[PDB]
Every structure is written in structure tokens, then in C-alpha cells.
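Only one structure is covered here, and it is reproduced in the block below.
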Amino acid sequence: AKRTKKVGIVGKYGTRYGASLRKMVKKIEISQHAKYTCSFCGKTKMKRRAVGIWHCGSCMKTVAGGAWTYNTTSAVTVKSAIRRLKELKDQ
Amino acid sequence: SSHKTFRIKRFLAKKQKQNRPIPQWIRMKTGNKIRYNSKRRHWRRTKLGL
Amino acid sequence: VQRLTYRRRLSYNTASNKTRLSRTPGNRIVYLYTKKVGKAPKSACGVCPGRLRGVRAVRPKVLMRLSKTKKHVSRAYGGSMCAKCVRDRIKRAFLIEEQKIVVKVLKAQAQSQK
Amino acid sequence: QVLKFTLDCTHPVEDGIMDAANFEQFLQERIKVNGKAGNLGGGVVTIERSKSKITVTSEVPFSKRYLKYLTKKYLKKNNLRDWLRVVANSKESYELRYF
Amino acid sequence: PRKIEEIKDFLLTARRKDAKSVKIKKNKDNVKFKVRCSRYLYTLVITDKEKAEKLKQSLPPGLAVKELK
RNA sequence: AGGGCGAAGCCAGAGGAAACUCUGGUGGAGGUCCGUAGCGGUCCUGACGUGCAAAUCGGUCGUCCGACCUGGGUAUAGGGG
RNA sequence: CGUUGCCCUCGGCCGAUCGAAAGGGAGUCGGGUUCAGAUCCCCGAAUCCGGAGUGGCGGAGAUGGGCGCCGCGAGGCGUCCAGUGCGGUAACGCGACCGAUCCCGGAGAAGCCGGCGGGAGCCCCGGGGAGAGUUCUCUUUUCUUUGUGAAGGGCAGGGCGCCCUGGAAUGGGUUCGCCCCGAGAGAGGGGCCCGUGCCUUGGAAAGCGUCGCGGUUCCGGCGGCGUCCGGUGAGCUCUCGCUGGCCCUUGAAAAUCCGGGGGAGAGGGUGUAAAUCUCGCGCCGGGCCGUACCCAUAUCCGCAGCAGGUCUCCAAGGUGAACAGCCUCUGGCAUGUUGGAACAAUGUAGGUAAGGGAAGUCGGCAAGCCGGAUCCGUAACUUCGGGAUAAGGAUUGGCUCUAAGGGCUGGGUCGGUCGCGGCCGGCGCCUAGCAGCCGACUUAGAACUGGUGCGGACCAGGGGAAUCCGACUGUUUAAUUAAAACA
Ligand SMILES: [Mg+2]
Ligand SMILES: [Mg+2]
Ligand SMILES: [Mg+2]
Ligand SMILES: [Mg+2]
Ligand SMILES: [Mg+2]
Ligand SMILES: [Mg+2]
Ligand SMILES: [Mg+2]
Ligand SMILES: [Mg+2]
Ligand SMILES: [Mg+2]
Ligand SMILES: [Mg+2]
Ligand SMILES: [Mg+2]
Ligand SMILES: [Mg+2]
Ligand SMILES: [Mg+2]
Ligand SMILES: [Mg+2]
Ligand SMILES: [Mg+2]
Ligand SMILES: [Mg+2]
Ligand SMILES: [Mg+2]
Ligand SMILES: [Mg+2]
Ligand SMILES: [Mg+2]
Ligand SMILES: [Mg+2]
Ligand SMILES: [Mg+2]
Ligand SMILES: [Mg+2]
Ligand SMILES: [Zn+2]
């Protein structure tokens, strides 16, 4: 809290849009601009390019992910289920 | 305009030829009722078939 | 100061109407119109973002004029594809075929066993 | 180096309009060196007399057209800038002439 | 245009069918030899004066040799 | 045009047992502020009101990186757009 | 060998066609020339595209190696094979280097915004010249002017997400910001791209500046001299480049052009061939239409030479934050459809007013106050971001000084030997650096000074407390309603 007590990323917006909305945006607004780790090389370069598409700059691995996160929870839970059923079918 | 079609350029040419005033020997013809051209078009007032 | 005019009937400053200043032997600054900037070809691999070496990056309808040597490079996949992606293609294509052979061998042993 | 600038005034003197000795004297007075008017900055520049032709001979860096200035100044003082005109005859030289 | 570096080479270029005027510019300290052809205006810089005077004679059948002033 | 404010990220220093916090920088966000061209058109209920003008003029004003301004091309036609 | 007829063989497309004088789209520039046209005429330098058959010529393909003889030897013949180019560890290179249908790829072909860097044009400064103006006094003066097209070749200067060596924690490298590294950092060596910058061919012959002649004339006449050297930068304009930021916005197609994978074919048989996405040269051609001028306080539209409207490019000095205003050069005008003489009332547009200070009026409408900068100082309230230039204060000129901020280059001196310079060996090793040489510009402080004047013109917020409405930015009745209406 060097410059701001409690706005951070959403200090750009100034007074506008209301407190709740700006608090609500701060979560996403952070995550979406986060640089994640490319589970492919392991550098911290997974960066959202456009909605649902994240690109490693080093790996050059474009990756269909979430709108504001490299992974949605939904996607993750769906992944594991499919893996479980796959194993249940084939044996 | 300085970017003319050929169609338009030719049109202008004829218009430019039509402007000239009567030849004065016409006045001396036998059954002459014509004293002046009366179809004379000045560019600054009256602005073409366009 | 010598101000100046465009030399063509294109008034608007556009992609087509780009210029540069030049002093003539007559000692008057004059506009010369400039040719667009050509790009080197990018790789056929499609991951390597960097454009290709040893090729004259020039506006494509020029290539016509150019000699063959300018337009490419002495390698397999020359001036179409970056080296790195060739020497990975090479050893990939080799190593793959060695495993295909190994699976063929494991298949043939399984037939002889059964 | 040796910077040798003539300043010949042939046919204003032959017509008797000015005197070259007085012009020399005026030049020895004025010709400034390093922002000092008198004494030619010591024994640095040297002014010569040959009836009509003046020669200025410097060792230090010395502009040519400073002689044009001072002739123009001298000609104004004598009310000659009207029918007398300084010109570069050649390099290392000026030349007083009529119109 | 094209500069040339060998006195022989300019002599060969001058000896072509397409060639014509072989004008000669004494610049002082230089003495060029400009020989026009179909496509290009070949020039050759010959720093020596006596060597230029010698070459002057060595142009062949009755070309223009239109010396420049 | 040119200025202002100075958001995230980054550096150092100091404290803190940790959590982390302070101080100084850097950084340059924004349907952010001033303010030109631009776009507009508040008030003077000013000028004009057989006008310069069948809606103009002057000062004063709003906005000026964005639901911005704007040329050309192209689409939608009358109980229709 | 062409040309055609027939037979077989192969062939996806994708919609005929139209649609841009600003999108895409090969290739032209310098000088001259007119009463009026010039990238179009003339001179000179280029260039693309198409053709080029019989192939016009060189060069490449390609002229090796073997064995057998004969010859002192250089070599000559006989006969056997090879020959669709070579260099580099590599990035990749070299003037050419066969090849079809088919396939893959690229180029054409990409938003806005910020920051930083390089290159030019212009500005600036210090000097050289040539011509000027000033000269009562002063002024080594102030003013002008001081050049090199495209296309080639060279070389700086940029950039590289290219390669090789090698192996980095005491982690390093490094940007204004970042950002990069065992998926290979630093360090060394290279490779490629752009090269609009220099040099050079062009090209001094041409241009410009000066002095000077030839000619009653006509005359594009002819000569001299010159066209120099340096330095600066949050400078501005354009541009090339790198690197970030923003998006529930992700920012054109196609014609055209190339590369690669393939390997169906073709070539001649030991001096030659087919082959040149041909290398260098040579020859021939490029039709059609537009091209005057105005482009706007007089060539356009508003009935007009109408204060209206109407899309762009270029863009000097001073002051200054500044494309603000004010004054200036370059260039341009004659005050906007008239003149003269008066200076009454009413006006329109500006100003100023003693004492009071909104008593005026529906209402502070109108005008006035405030205004820049630096330094302090900053409330309630709050969505904690703001409010905020809150408010409220002080300073500001001229002059003469001081202090503080940067770059470049330099020691390998002693001894030896070789030609002030090199090479070797030994000291030295400024390793707290010191010395000389350059150059913008700011900031702070101090003295003195003036009739307290100083952001001296220009530019340039009046504040405060509360209530009502609408969250906000946005939009709206062209021509009486900008709002609380719509969004
Ligand atoms: Mg009209
Ligand atoms: Mg175009
Ligand atoms: Mg190459
Ligand atoms: Mg009114
Ligand atoms: Mg009236
Ligand atoms: Mg009027
Ligand atoms: Mg069409
Ligand atoms: Mg390295
Ligand atoms: Mg014209
Ligand atoms: Mg104009
Ligand atoms: Mg007037
Ligand atoms: Mg008048
Ligand atoms: Mg008028
Ligand atoms: Mg009063
Ligand atoms: Mg009353
Ligand atoms: Mg009252
Ligand atoms: Mg008011
Ligand atoms: Mg307040
Ligand atoms: Mg209430
Ligand atoms: Mg509102
Ligand atoms: Mg209205
Ligand atoms: Mg209104
Ligand atoms: Zn690659």
C-alpha cells in the first residue's frame, strides 16, 4: 500500500463506476494482466493475448484457456472427470 | 475538374464552340430577323447541362 | 525556409503518397516519392517469429527482377524455412521412423509368439 | 603561416582623390588584434606602402574582409563611398574602383 | 553509369559495336574517359596525365573522341 | 499543440522475529483535468433584424484519445426509411 | 519446325460481370525551355515490362581422372569411365547453376497509444570566403549567399527472437521503463537485413554567387575567380527501428510476385548437348483517355465578386510551456462594392470614473475581481480514488557575482633492438585517479540597484456555505427549448 490504500489496479478508473463495480473489477483486472507460468517450458510468460487465448512468448504455445484466467475451475473439473471416465471405459 | 472523362471533354468542346457570336454578314442576308446570338452562355452565370 | 509541394495530383498523405526530402544539384529541396518497405519472408514452420536470413527483403513484385541467389539460401528448405526448424524436422522425421520400425519389430515378435 | 593581403588603390590615387600615406596611417591606427586597436597587437601584423598598393602581412590568423570593412570605414570618413567601390580583384587582394 | 578500373577494360568497352562518343574530361588531377554505350556510360579515371595522353592515341577506328571543354 | 494530476508494475533504503509496513525514486494508467486546431453552440435574451446571411457576426462559452472529428464509396424510400 | 484437324491423357473450385483519380498495384530522375505546357517539350543520365524465332554475342553447364602407347621433356594419339556448379564447423556465401502436373509456404497483408534510439530537412552557434547595408560616435559589423537527382559500387550507422566456442549462485547481464539466462547468461569470435547517411561513378561539362568582357542589334554569347571548415541539441518536421500498454474492440480482400517439397521427364556421348526462376552484355516495342487555370473574404455551392459553407500537403526568427497571443523575414496584399468635409443628438464597439458598494434588477444580467510561475499552506465531506489551482499566504524586474550539475583524449615512461613509428622484455600500473581539450543548458544562493516597479504588453480560474435534479463521460429539437429530457 505504497501509493494507494485500497484501489491498486482499479485506481485508473478514478471515482467512476461505483465502489462495488470497481472492487469487482479488481479481481479480474489483476488476473487477466497476470503473467502465468508456461507449463511447456516453465518460464513465467503465459500472457493473455485476447479473451480465452493465452500465449507463451518463449514457448510460442498459444493456449485456449479462460476469459480472465489461464484456467477456469470448470475446465479443470471437466478435465479430471473426462480422464476418470476414459480410464473407466478402456480399463 | 482536371480529371475529365473523354465523354465529358467532348461535350465541353461543343459547348465551347457554340458560344461564339453571330457573323455580321448574316445580318445582311435577305430575310434576316436575327440581330444577336441570344444563346450565349457565360461561365460565371448559368452552369451547363451538368 | 523553402517550403514545398507534392509532385503528383495525390494531395492526401497516404500509404501511397510517402516522400522524402532531397537536395538536387540545382540547389533546391525537392520531394522524391519513396518506395514501400519490403519484408523478408517469415518461416514455413510458423512458430519462429523471426523473419528469414539471406533473403533480400523487397516488395514482392520485385522478386521477379532479382537473381535466384538473393531470393533463397543454399539448404534443403532454403529461404522457405528457418534452419532450426529444418534440423528439428530432420531429426524428428528420423527419430519417428526409428520408433515406427521398433513398433514394427515388436508387432512381428508378437505374431511369431502367438 | 604568412597571411599576405594586398589592398591596391591604383586609380583613385592617380586621379588624386585620396592619399595612400594617410590610409596606411589610418590602418596602422585601427586594425585591431585580439581586441586591442593600437600598436598592431605588438609586432604581429605589418603594413606596407608602395605608392598605390597597400599590403598587410600577418603571422596570426587574420581575416581578409576585415580590410574591406576598414577601407569602407575609411572611405566613408573621407566621403568617398559614393564614387569609390571596393572589390576583390583576386584572392589575397581588394581593389578600389569607380562605378 | 559505371566506373572502370583497368585501362584494358575501357579499351575493350570502347571497341564494341554499340559504342560511340568517347569524350575526355581533363579535370586537372584526374583526366576521365567517358565512353557512352547503348545501356551505360562507362567512365575511367586515369590519374596520370602522360598516361592519359598515351591512351588518347590508342582509341581505334575513328570514334568521336569528342574532347570536352 | 503545450501543460496538470500521477493508477498498476519496478528499484533502493529503513523497520519488522514473521506478516508485511513505511520513506525516497522510477513508471506513465485514464470514455482523467486545464487548453490549442478540430468539433460544437451556453449567456449577453449583445450585433444584425427590407441583414453579409431565407439563421449570419462579436465576445463569452462546452468539448478536445473517445460512445472523438472528418473526405470518398456503399446500404436503407414515403404509412416507407 | 511451325500451324491446325481428329483420337487418347489430365484438370476441383466457386462464379459471368461491375465496384476505389485517398485501399492494393512493376517501372523516372537532374538541368534547361514558354506570353500560357512541362517528372509529359530539349539536353543528359536512368529504368521496368513484353518480345528476341533462325537464337545477336560472350560466360556458366565443362571440359577432369584413368589406363595404354609414342616423345629427352612440354606434350601427341588409342582406348576406358566420371561430369544437371562450388565454398564454409555453422549462421550462411559465391555471377549463372535442368526440370512438368502436384503439393506447402511466404510476400501483397494490417488497430490505436506510449517511451526510447538512429537517419535526414529546417533552426542554432563558431569561424573561412563573395557581394551588402551601417559608419555623427561605436561596431574584425550586421544582412544575403555559400550545391549535387535517380540507378549502381564501396563504406559508416542502425537492427537481429542467427551461428560457433563455452559453461554462469558470491548469481550475472542490462533498459529512461524493462527485459534475458542450463530451453545456454556474461566473454570472445563470426553470419544476415536495412543502409533514405557519407565517398564515388553520375559530375562540373551542368546549377548557383560574384567580378569581367563580346554584341547599335540578333544573341540562351563567352571568360575569370568561388562554391570552405568545424560544433551543437527533451530543438521542431518526416522517417527507419526497438520496445512496452489497451481491448467482452484483436484492427480488409483480391489481382499480382516469389521461395521451398517433390522428382514425371529432357540432354550429349568425351567435345559437345539439352539447360540457364541467366550472369554479363546486344536488338525491337509500349497503344488508348486525362494533363490549361481557379481551388476561395472574386473562377465551386448558397439567385450575386454574399462576413455562410466546402477534403488535404508544405510550414522560417523573437518572446514563451506552447502550432497561445504579440512583433518580425521569405512570399503576399491594398483594408474587403467608393471618396471628400465636419465631429451634433440618438446609437454599435471600446475605455475611465470621487464617496458608497448590489441600496439596481424577476434575478449580480452586464462588467469587475481572480489569473502565469516558484515557495509555503490546504477544510468539510468521501465510493479512500478524490475534493484540490480547495481556501489562505509570500515572492517575481534590472544589474554584478557564486555554487551545483557533462563529454572527449592522454601513462604500457626503463632497457633492447627494428624502421617521430613499430616489435620484444622488464618495471609502472593514476586501479582514491590526475592532466589537457571541448560543449549545451538549467536550478539554487548572494551583493548592489530603481519614485515598491517587476507574470509591467501579450497570455491568464473570482472564491466560499448550502439545498433540488440527474451518478458520471456521451446524446438531443439544422432555424426560439441543452435540460432535470434520451443514452
Ligand atoms: Mg457560381
Ligand atoms: Mg492508390
Ligand atoms: Mg543468399
Ligand atoms: Mg438578440
Ligand atoms: Mg434597423
Ligand atoms: Mg460588406
Ligand atoms: Mg473493376
Ligand atoms: Mg553472450
Ligand atoms: Mg496543372
Ligand atoms: Mg491557397
Ligand atoms: Mg477600415
Ligand atoms: Mg479603399
Ligand atoms: Mg470584397
Ligand atoms: Mg465609482
Ligand atoms: Mg428596488
Ligand atoms: Mg434588492
Ligand atoms: Mg456574467
Ligand atoms: Mg469545494
Ligand atoms: Mg432533503
Ligand atoms: Mg447528466
Ligand atoms: Mg434548436
Ligand atoms: Mg440554444
Ligand atoms: Zn523455426
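Residues 2-92, in that order, are what chain A shows, numbered as in Swiss-Prot.
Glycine is no exception: its Cβ is also placed from the backbone N, Cα and C atoms.
Database features, via Swiss-Prot:
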type    : residues                           : note
BINDING : A:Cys39, A:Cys42, A:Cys57, A:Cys60 : Zn(2+) binding site
ZN_FING : A:39-60                            : zinc finger
Tell me, how many other CB atoms lie within 10 A of the CB of A:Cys42 (Zn(2+) binding site), whichever protein chain they belong to?
15
Neighbouring C-beta atoms (10 Å sphere around the C-beta of A:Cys60 (Zn(2+) binding site)):
17
Zn(2+) site shell beyond A:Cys39, A:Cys42, A:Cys57, A:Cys60, criterion: Cβ within 8 Å of Cβ centroid:
A:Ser40, A:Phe41, A:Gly43, A:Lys44, A:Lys46, A:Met47, A:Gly58, A:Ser59, A:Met61, A:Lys62
Name the secondary structure element type, per DSSP in three states, that contains A:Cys39 (Zn(2+) binding site).
coil
Cβ packing number for A:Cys57 (Zn(2+) binding site), 10 Å threshold:
22
